[PDB]
Asks: 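What follows is a single structure, and I will ask about it in a moment.
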Protein chains: 2
Amino acid sequence: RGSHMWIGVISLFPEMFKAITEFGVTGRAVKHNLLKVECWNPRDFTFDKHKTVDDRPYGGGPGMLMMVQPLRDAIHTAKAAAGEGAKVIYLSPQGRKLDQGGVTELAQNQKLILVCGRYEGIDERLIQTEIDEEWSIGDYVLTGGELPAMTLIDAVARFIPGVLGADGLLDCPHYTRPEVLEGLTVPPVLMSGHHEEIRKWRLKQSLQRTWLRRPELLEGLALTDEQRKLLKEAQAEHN
Amino acid sequence: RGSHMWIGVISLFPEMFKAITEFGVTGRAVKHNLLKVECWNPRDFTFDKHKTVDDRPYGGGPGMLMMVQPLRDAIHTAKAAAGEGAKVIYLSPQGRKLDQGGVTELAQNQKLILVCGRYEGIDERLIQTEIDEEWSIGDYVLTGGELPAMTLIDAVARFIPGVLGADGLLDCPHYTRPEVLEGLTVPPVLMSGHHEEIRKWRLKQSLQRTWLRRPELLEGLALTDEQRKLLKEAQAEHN
Ligand SMILES: NC(=O)c1ccc(N)nc1
Ligand SMILES: NC(=O)c1ccc(N)nc1
């Protein structure tokens with residue numbers, strides 16, 4: 001469709017990506033051609049009898065690396081399919097830390113190619129010669145780049161028009177039926193039908209929750225007059 | 001086995017979890033009974049004809065929330081299956097930010113229950129009454145908690161003995177065959193077979209890469225004498 005997104009994926013385990021292409025909001029996006037996810041498996045680019053996709057690191061060490069030739073050939077094939085303009089991304093803990101601002105940046109691309117490493121990762125020279133950007137989804141280590149790739153895909157998919165049916169703050173609390181749950185009642189303001197009061201309450205809650213849980217996030221913001229007031233109110237009430 | 005881990009999962013899309021239970025290192029862990037992942041679907045705890053799992057938020061707004069009764073009943077069932085000692089975790093951007101230290105903390109639990117929200121999330125009172133800890137995998141918004149749950153599972157699985165076949169720094173570069181790749185050569189030290197020189201080179205590279213890419217990570221460390229020296233060397237060479 002309009003701001004259709006195409007994402008090429010290089011992975012030894014392409015079936016993992018069914019988790020986003022077959023279910024939920026992202027599954028719908030794929031079915032409706034708002035999002036296309038296309039996978040290439042380095043194992044298909046091997047030539048030896050046992051289809052070897054790993055190789056030993058120079059200098060020794062416990063682990064293995066992705067074998068260069070099958071991975072390189074898979075990447076080249078994905079690039080040829082993408083045509084001009086596709087940004088190639090490698091997922092790793094050494095990459096730029098993903099946050100919502102970074103998601104909105106990545107979402108500007110009509111085409112992405114995501115390279116998923118396994119084992120101890122990929123040859124440094126491939127990063128230099130084939131990768132445009134290195135990204136991390138957070139400061140922790142996983143068994144492979146597939147979950148980070150899927151996480152990135154899901155996050156950017158939300159910005160594709162038609163996929164869905166924030167302002168630097170944590171979300172406010174939400175309530176649904178029943179009116180009373182284990183003695184806990186819904187805040188009366190949410191029952192009032194006073195849409196302006198409800199708005200300000202939610203905003204105040206978001207400011208309070210951000211202040212108590214993630215105060216560093218507030219330092220990155222230029223609060224509006226209204227937000228400054230409601231935050232001061234919340235801090236006074238907290239005291 | 002020994003430090004076997006059991007993880008209960010509450011999700012509207014349990015088939016997504018095949019991505020970790022059927023493939024790779026985590027698939028092996030599950031097959032070998034080092035890791036058990038057990039899923040309950042709130043849709044199975046509905047009683048109406050159309051198996052409704054969402055509900056309208058008090059106070060209005062665009063989105064929907066998880067319906068309380070099916071979700072609550074699924075959680076209670078998972079808790080009964082887990083028996084005593086299981087920590088219940090809700091995945092959301094309002095939670096404690098996951099990092100490797102937090103992974104090692106979570107890995108100390110023999111039993112976890114992971115609640116995956118969809119839509120605009122779950123009722124605040126359920127968080128108060130059913131959830132022990134809220135965790136986030138990073139400062140970005142996804143369509144549901146399943147990818148964060150899987151990310152958490154993968155990260156903690158790596159600490160289960162037998163699953164695998166770091167010190168605050170980014171990883172060093174890695175090289176494998178061929179010796180020359182698009183004119184780019186493997187660092188001679190890695191070919192030298194001098195294991196002490198190789199160690200120090202890798203450590204120096206990790207310190208240099210951490211300094212250039214993530215200097216804030218260094219401020220959280222008490223560097224060893226050796227690390228202080230190699231970092232000073234790298235910074236001098238960089239200049
Ligand atoms: N933090 C990450 O984005 C990441 C990427 C790959 C991997 N094996 N582990 C972690
Ligand atoms: N950052 C997170 O851990 C997260 C959890 C749930 C969701 N829908 N989006 C993001």
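Counting starts at 1 for both ligands and their atoms, in listed order. Proteins come first, then strands; the chains are lettered A, B, ... in the order of their sequence lines, and each starts at number 1.
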Asks: Which atoms of ligand 1 have any heavy atom of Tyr140(A) under 4.0 Å away?
Replies: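 Answer for ligand 1: 1 (N), 10 (C).
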Asks: Just which atoms of ligand 2 are under 4.0 Å from any heavy atom in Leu91(B)?
Replies: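 With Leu91(B) as reference, the close atoms of ligand 2 come out as 5 (C), 6 (C).
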Asks: Heavy-atom distance under 4.5 Å between the side chains of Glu15(B) and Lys18(A), does that happen here?
Replies: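 In short, these two side chains do not touch, never coming nearer than 4.5 Å.
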Asks: For atom 9 (N) of ligand 1, which candidate among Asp171(B), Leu142(A), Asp154(B) provides the closest heavy atom?
Replies: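 Nearest heavy atom to atom 9 (N) of ligand 1 lies in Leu142(A).
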Asks: Is there a heavy atom of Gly117(A) sitting under 4.0 angstrom from any atom of ligand 1?
Replies: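 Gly117(A) does not count as a contact of ligand 1 under the 4.0 Å cut-off.
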Asks: Do the side chains of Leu106(A) and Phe159(A) get nearer than 4.5 Å, heavy atoms only?
Replies: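 No, every pair of side-chain atoms sits at 4.5 Å or beyond.
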Asks: Walk me through it: do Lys87(A) and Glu105(A) pass the test salt bridge (charged side-chain N to carboxylate O under 4.0 Å, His left out)?
Replies: CA-CA 12 Å; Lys87(A) 166 164 298 174; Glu105(A) 286 188 29; over 6 Å; no
Asks: May I ask you to identify the nearest protein heavy atom to atom 1 (N) of ligand 1, giving residue, atom name and distance to one decimal place in Å?
Replies: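 Ranked first by proximity to atom 1 (N) of ligand 1 is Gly138(A) O, 2.9 Å.
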Asks: Just wondering, are more than 12 heavy atoms of other shown residues or ligands nearer than 6.0 Å to CZ in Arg213(A)?
Replies: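 It does: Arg213(A) CZ has more than 12 such atoms within range.
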Asks: Around atom CZ of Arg177(A), are there more than 12 heavy atoms from other residues, nucleotides or ligands closer than 6.0 Å?
Replies: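 Count not over threshold, so no.
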Asks: Would you mind running through ligand 2 and noting each atom that sits below 4.0 Å from a heavy atom of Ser136(B)?
Replies: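 Numbered from 1, ligand 2 contributes 1 (N), 2 (C), 3 (O).
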Asks: Tell me: protein heavy atom nearest atom 3 (O) of ligand 1, and distance?
Replies: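 Sorting protein heavy atoms by distance from atom 3 (O) of ligand 1 puts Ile137(A) N, 2.9 Å first.
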Asks: Just which atoms of ligand 2 are under 4.0 Å from any heavy atom in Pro148(B)?
Replies: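 Those qualifying, in numeric order: 3 (O), 4 (C), 5 (C).
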Asks: In terms of side-chain heavy atoms, does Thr143(A) have a donor or acceptor partner in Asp154(B) at a distance below 3.5 Å?
Replies: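 Indeed, the side chains of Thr143(A) and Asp154(B) share at least one donor-acceptor pair under 3.5 Å.
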Asks: Does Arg28(B) CZ have over 12 foreign heavy atoms under 6.0 Å away?
Replies: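 No, CZ of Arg28(B) has 12 or fewer neighbouring heavy atoms, counting only those of other groups under 6.0 Å.
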Asks: Distance to 0.1 Å, residue and atom name: give those for the protein heavy atom nearest to atom 5 (C) of ligand 1.
Replies: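 Among all protein heavy atoms, the one nearest atom 5 (C) of ligand 1 is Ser92(A) CA, 3.4 Å.
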Asks: Counting only nitrogen or oxygen atoms and a 3.5 angstrom limit, does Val141(A) reach ligand 1?
Replies: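 Among all N and O atoms of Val141(A), none is under 3.5 Å from an N or O of ligand 1.
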